[PDB]
C-alpha cells in the first residue's frame, strides 16, 4: 500500500500522428526498481522507451533515480547521451554526456520533441513508476 514516486511525462511531437509513440503505452504506470536506469532512444535493445525516428539517436538520454541529501524521497538526474543533438532542460542546453538534477517540473526539448516532466512524490525508495500522456497541443 506504500505510495510510489511517479514521474509523469506529457509528450508531444508534430509527427506523432505517424506512430512515433506507437512503442509507448499511455496512462500505464510501469514500476521500475531503484536500481534501474530508464533510457530513451531509437534502439529497442538498449532503451526501454523507443521512438521510430531516424533523427533520434540510438540512445538519446537516460533518467536515473537518486536521493538528494536530507531528503526521504526519490529525485531524478538526466544525462544527454546524444553526440549529435543537444538536450534542453528548461533554458539550459545539455551537450554530449552533460547531466543535471531535475526539479519537480521541467521541460525537455531535444530535436523537435517536447517532454513535460512532473514528479509526484511517493514513500518508496526501492522503486519508482513512469506514466506517459500524449498532448495534441504543443507544450510551449
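Positions refer to the first chain, counted from 1.
Looking at mean Cα B-factors across 72-80 and 22-30, the upper value is held by 22-30. When the C-alpha B-factors of 63-71 and 46-54 are averaged, 46-54 comes out higher. Per the deposited record, the Cα B-factor of residue 123 falls in the highest third when ranked against the other modelled residues of its chain. Residue-level temperature factors show residue 10 in the lowest third of its chain, judged at the C-alpha atom. When the modelled residues of the chain are ordered by their C-alpha B factor, residue 112 lands in the highest third. Per the PDB record, residue ranking by Cα B-factor puts residue 36 in the highest third of the chain. Among the modelled residues of the chain, residue 91 sits in the highest third by CA temperature factor in this PDB entry.
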